[PDB]
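Read the structure below first, then the notes.
Residue numbering begins at 1 within each chain, and the chains themselves are lettered A, B, C, D, E, F, G and H in the order written.
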Amino acid sequence: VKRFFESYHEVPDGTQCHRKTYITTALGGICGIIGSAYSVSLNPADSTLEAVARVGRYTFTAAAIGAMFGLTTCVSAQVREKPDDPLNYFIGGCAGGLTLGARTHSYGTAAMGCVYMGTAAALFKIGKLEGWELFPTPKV
Amino acid sequence: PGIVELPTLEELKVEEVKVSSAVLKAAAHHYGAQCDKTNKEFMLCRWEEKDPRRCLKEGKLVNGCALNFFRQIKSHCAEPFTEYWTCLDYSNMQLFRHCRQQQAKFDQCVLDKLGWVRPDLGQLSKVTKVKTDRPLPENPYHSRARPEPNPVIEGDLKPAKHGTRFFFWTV
Amino acid sequence: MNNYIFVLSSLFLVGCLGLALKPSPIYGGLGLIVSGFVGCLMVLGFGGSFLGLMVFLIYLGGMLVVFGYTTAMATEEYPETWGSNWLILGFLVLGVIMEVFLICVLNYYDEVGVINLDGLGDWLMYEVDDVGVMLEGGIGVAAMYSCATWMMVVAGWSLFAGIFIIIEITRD
Amino acid sequence: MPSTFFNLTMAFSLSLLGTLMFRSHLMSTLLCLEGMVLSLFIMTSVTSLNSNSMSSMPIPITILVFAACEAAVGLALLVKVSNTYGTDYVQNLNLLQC
Amino acid sequence: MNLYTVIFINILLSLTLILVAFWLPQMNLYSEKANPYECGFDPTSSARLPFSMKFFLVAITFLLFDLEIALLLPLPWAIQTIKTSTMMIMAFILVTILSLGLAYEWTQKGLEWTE
Amino acid sequence: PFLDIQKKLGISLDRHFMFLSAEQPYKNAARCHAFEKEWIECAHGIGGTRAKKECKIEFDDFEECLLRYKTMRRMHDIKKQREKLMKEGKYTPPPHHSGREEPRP
Amino acid sequence: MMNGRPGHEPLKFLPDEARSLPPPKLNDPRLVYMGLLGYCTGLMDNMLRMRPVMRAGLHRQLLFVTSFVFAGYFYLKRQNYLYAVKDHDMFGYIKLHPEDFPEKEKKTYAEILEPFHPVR
Amino acid sequence: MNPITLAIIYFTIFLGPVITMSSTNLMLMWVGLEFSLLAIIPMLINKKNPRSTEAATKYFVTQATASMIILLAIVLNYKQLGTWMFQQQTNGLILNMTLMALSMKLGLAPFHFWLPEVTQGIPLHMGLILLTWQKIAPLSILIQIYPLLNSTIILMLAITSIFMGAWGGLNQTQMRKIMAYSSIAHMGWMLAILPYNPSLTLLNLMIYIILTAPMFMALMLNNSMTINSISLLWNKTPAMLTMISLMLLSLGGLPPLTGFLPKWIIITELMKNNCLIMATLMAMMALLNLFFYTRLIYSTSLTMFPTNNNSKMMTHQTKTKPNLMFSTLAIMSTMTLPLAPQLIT
C-alpha cells in the first residue's frame, strides 16, 4: 500500500479526482479500522454484535472523513486552477471536520474538527510542497 | 563467480590399501613408527595448505609407504599378526588390553626380524618437526587487500576555541 | 526417513498450538510434556543428546510441579479439555489448514528456499567431522565449568537468589 | 534445517499469541510462557549443533536456568493470588485501575 | 531406527493388551456401577474442587534444585578438562551455594508443610 | 550505556565466545571459521559504515557459508533439471549416482 | 559519538592529554557557582531539618561547599578536555579533507545586487 | 523481613543492570534483565495486600513476555550471523522486535498501560526504585545499538508516549500515577533523542532521575498519597514547599530551571536532524505535562488547603529527613542551568 499512497501523489492536484478520493477513502478506512481495533480491545462491548457495530461505525466515520476530504480538496483544485496551494487542503480538511461533526452529531465538534483538520491538511500540503522530512534518517 | 578447479579420476586413482580397521589398529604403532616422515609431511602440507587438491602426491606417498609396510609384514611373519588382529577384531572396541599375549608375540616377531621397536606410552603423541622442501604458502585463506585504517589525527591538544561555543556561554 | 525432523517440527507446532489454545492446565501440561519430548527428539536428531535429555528432564520436573499447582488452586468444577467450545476445535483445525496452506505457498514460492518439498531432508546436517573424538554436545556444557565460569556463576546466583526470592514471596 | 527453524519460529509465535490472549487462567498464561521458553531452547540448540558452536552450547542451559527461575517466581505469585481470592482469575485481579 | 522400532513395539504391545481387555469380556453398564466410588456413599463434592497442597514452597524449591541438578550433570565431561583447578573450585562453589540455600530454607522453616 | 569494566580491568568475562571463530572447546571448528575470520579481520579497525561498505565481499562469503542459500538454490536447480530430464526420458543416471557404486575407502 | 576515536582508553576520567590543557583558575564563575550551590544545599538542609538556617551546622555547610567545589573542579577539567579534543578532531578532519570544505571566496558589496524592498 | 535476604535481594537488584550495562554479550544482557525483574518482584509484593499482589503479578507477566521477545530477537540474530551482538547487517525485523520488547520493558506507550497500575498499589520507595533504577538496563541496551534503529518506529513510540503521558497525568489525582505518567512522558523524550545522540538521552535520563528522586523522597516523608494529602503539607512540613514547587516546575521544563535543559537540547538536536514536526508536537504536549504539574503546585504550595485537628499532634512530634540526598539532588535538579555546557557531553 506504500505504492498506493505514492500513487496519490503521482498526479498533480485537480487531476484524477476519483483516484484521489478513492485513495484517501482507503487511507481513512485503514485508520478507522486501527482505531476501532484499539477501541474494542481496551473497552469491550457487551456482545459481539455491539462490537461489530462499533467497528463498522468507526470505520464508516473515518472513511467518510477521508472521502469528503479528498473529494473537496480535488474539487477545489478543479474549480480554481492552481493545484499547488494549501487553501484547497484547508478547505478539504474543514469539510472532513464537518463530516466528523455530522457523524458525531455536534456542531462544536464540527467546528473544532474543521479548524484542526484544516490546519493539519494545510501543514501537510506545505510539507509536501517544500520537502519537510517527517521521520528523518539521522544525519548529524 | 569463478569456476572451482578439482582433479580428475586419473589423478585420483591410487592403489588403495583395502585393509580393515582391526588389522590397521593392530599394526598402528609400528606403522606410525616406521614411516612417520611421510605421514608428517602429508599432515604438514594438509595443515599449511588447506586445499586437499594440492597434497595428492603426499597422499599417494602415504598410501605407498603403508602398502610397503603391510607387504613387509606379510612377507616376513604373517600368522602371529593374523591371530593378533583377529583377536582385536573379536572385541566391540578393539581394546588392546584383551589380547596382550598375541601383541607380545607380534612384537617379538618385529623385534627379531626387521628390528622394530614399539613406541612407548607417550611417544606417538608429540610434535615432530618434519623437514620438507615444499615452499611455505605465503597467503593461506586467499586473503583480500585488508583496507587501510582511518587517518588518525596527530597534534598538540590546544584548548577549545572561544570556550564551549554553546549559545550565549562565553566561557 | 528424510522428513523425520520435519514431521517432528510439525508435531511441535501442533503441541504449541494446543498450549496456545489454552485447555485446562492439566491438558496444558500434557501438551507441554508432548512438546518437550518432541523437541528432545529434534535436538537428538540434529546432534548431541545431552541438550535434548536435559530439556526433557527439566520440563518433566516443571510440569509435575505445575500439575500439583493446577490441582491445588488453578482448577474448576468442569475443567475444559478442548470440546467445551466448538470454537476451540474449529480454530485448531483452522490453524492446521492454515499451516498446510502456508507451507504449500512456501513450497510453490521456491525462490527464497525456506521450505522446499523436493529439497526437504537434504540440508539437515551440514558438515560433520567424520573422524574425530570429543565433538558431541555436552563437551561445551562441560566447558561452562572451565571456559565460561561467568555463565556458571550467573546461573548459580540466579538459583540462589531465586531460593531467597520464593521464600520472601510466599512468606505470608 | 530452514524448514525446521521456520516451524520453531511459528511455534514461538503461537506461544506468544497464547501469552497475549488471556483465557481466565494465570496458570495457562505461565504455561504459554514456558512454551515460548521451550521453543527458544530448541531453536538455540539446533542453531548451535548446526553451526558446531560448542563454545556457545552453554547458552541453552543458561536460558533454561533463568527460565525456571522466572517460572518459580510466577508460581509463587500465583500462590499469593490464590490466597488473596481463591479462584486464580486474571479478570478477578483488576482493582488497581483507580 | 532400532530404538524407534523397540519403542513402537512396546507401545503396540500395551495397546494390544488394553484392546484385548476392552473387547474380550462381557459388558453390563448401568449408572450405579459407573458412579464414583467414595467408600459406598455418594460423594459430597465433585472431586474437582481446589485441594490446597501444603508443600508448595518445597515444590518451588524442587524446581530450583532440579535446575541446579541440570547445572551439575555435565561434571563427567567437566573433569576431563585441562585446567581442573578452576573446575574444582567452580564445582565446590556450586555445591556450597546449593547447600547454603537448602540450609537457609531449613532455618526459615520453608520445608515444614505450613497448614 | 555500555560500560567497559571488562576492557578497563583487562578481564574477559564474556568476550571469548562472542562469535563462531573463537576458542572452541578441544580444538574444533565452527564450519565457517575461515570465512568469519576473514570477515572480522577485514572489519577490524574501520568499523561501522566502512566495514559495511568495503567488507561486503567477505560478509557475503561468510553469510553464504553460514546460511547456504545459494548452494541450496543451485542444488535445487540441478535436481529440478534432472527430474525434468527423467520425465522427458533424455537422461539415465550413472551407476555410482543411482544404485551400485564401486566403494573406495 | 566520540567513544570510538583512536586512543580512547575506556572508563578513564582524565587521560594524559588532558595534562596538556590549562586547568581552571580555581576562582572562575563555574566553581564559584558550584560553591554557592553547596552553600544553598546546606542552608536548605538546615531549613528542612528545622534547624537555624545559618547558625547551625557550620561543619556541614563547610563540607557541602568543599565537596561541591572539589567535584566541580574535576568535572570541569574533564569537560574542558572533552571540548578541546572535539575541537582538535574537527580541525584535524578539516585538514584531512580539504576538497569537502572549500575556502569559499566572498565578494564585496559592489558586485552582488541585493534586492531592495521599500517600506512605503 | 530479614537482613540476609534483604542483602541478597538488594544486591541482585543492583547486579542486574550492572551486568546488562557492563556485558557485551546479548545473552548476558538478557540475564541481567532477568536478574533485575526477579530480584525486584519480592520488593514489590512485600506488604501482602491485594493491590501489591496484583501489581506484582502484572509486572511479572509483562516483563516476562517482553524478555521472551528479547530472547527471540537474540536467538534469531545468532541464527542469522552466528554472533552474540547485533553488529551491522542484522535483520530489521529482529531490530524492530528488539525495540518493541525493550519499549514494553521500559513502559512507554502504547505499552504503557501497566506502569501506572504497577506504580499504584506499591509503596513509594519501591515506586522510586522502579521508575528510576529499572529504566537504565533497557536504555543501556538501546544505547548500545545506537545506529541500525528504525527512526520511524522510534519517533512513533516517542510521540505516542509523550501524548499519552501528558493526557494520563492530566487526568490522574493519585500521586504515584502522576509520577508514572511523568515517567512515560520523559521516557518518550529520551527515546525520541535516542537514534541521533546517545549523550542526550543519557543526559535526559540523569536529569529525570535526579528530578524524581527528591519528589519521591518528599512524598515518602509524610507518606502523602493523594493531591489532598500533599495539599496539607503547609501544616506538616512547611519548609518543603519551595523545593517541591521548584522541582515540579523543573519537571515541567520551565526556564530557568535545569529541567528545561534536556528538552531544549533535544529540540536543538532534532532541529539539526530536521524533525521540526515531531519536535513541535513534543513541546506542546510537554506544555500539557507542565499544566498538571502546575495544578499540583496550586494544590500544595500557592494555596492553603484546609487541615484537620490531629495535625496539631503532628506538629508536636519530631521528624527526620535524609541528609546529603534530598537537598543535594533538589539543588542540582533546580539551580544547575548555567552549568549546561558542562552537563551536555
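We adopt the following convention: a residue touches a chain if its C-beta (ideal position, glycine included) is under 8 Å from a C-beta of that chain, and two chains touch if they have at least 3 such contacts.
According to UniProt, the chain labels map to these proteins: A = NADH dehydrogenase [ubiquinone] 1 alpha subcomplex subunit 11; B = NADH dehydrogenase [ubiquinone] 1 alpha subcomplex subunit 8; C = NADH-ubiquinone oxidoreductase chain 6; D = NADH-ubiquinone oxidoreductase chain 4L; E = NADH-ubiquinone oxidoreductase chain 3; F = NADH dehydrogenase [ubiquinone] iron-sulfur protein 5; G = NADH dehydrogenase [ubiquinone] 1 subunit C2; H = NADH-ubiquinone oxidoreductase chain 2.
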Any chain in contact with chain D as well as chain G: F, H
Middle chain, criterion being Cα centroid separation: D
Rounded Å distance between chain A and chain C, as computed from the means of their C-alpha atoms: 47
CA centroid of chain B to CA centroid of chain F, Å: 24
Interchain centroid distance [CA atoms averaged], chain G/chain H, Å: 27
Whole-Å separation of chain centres (CA-atom averages), chain A against chain B: 73
Residue numbers of chain D (touch at least two other chains): 2, 12, 26, 50-56, 59, 61-62, 64-66, 68-69, 71-73, 75-80, 82, 86
For chain E, residues that touch 2 or more chains besides their own: 50, 56, 59-60, 63-64, 66-67, 70-71, 104, 108
Chain G, residues touching no fewer than two other chains: 30, 79, 83
In the complex, chain D residues that touch chain C: 1-4, 6-8, 10-12, 14-15, 17-18, 21, 23, 25-28, 30-32, 34-35, 38-39, 41-42, 45-46, 48-50, 52-62, 64-66, 68-69, 71-73, 75-80, 82-83, 86, 88
Touching residues on chain C, where the partner in the complex is chain D: 5-6, 8-10, 12-13, 15-17, 19-23, 25, 28-29, 32, 35-36, 39, 42-43, 46-48, 51-52, 54-55, 58-59, 62, 65-66, 69-70, 72-74, 95, 99, 106, 113-116, 120, 123-127, 135, 137-141, 143-144, 147-148, 151-152, 154-155, 158-159, 162, 165-166, 169-170, 172
Residue numbers on chain D that touch chain E, as the complex places them: 61, 64-65, 68-69, 71-72, 75-76, 79, 82, 86
For the chain F and chain H complex, residues of the former touching the latter: 1-6, 13-15, 17-20, 30, 32, 36, 48, 51-52, 59, 63, 66-67
Residues of chain F touching chain D in the complex: 16-17, 20, 22-25, 28-32, 66, 72
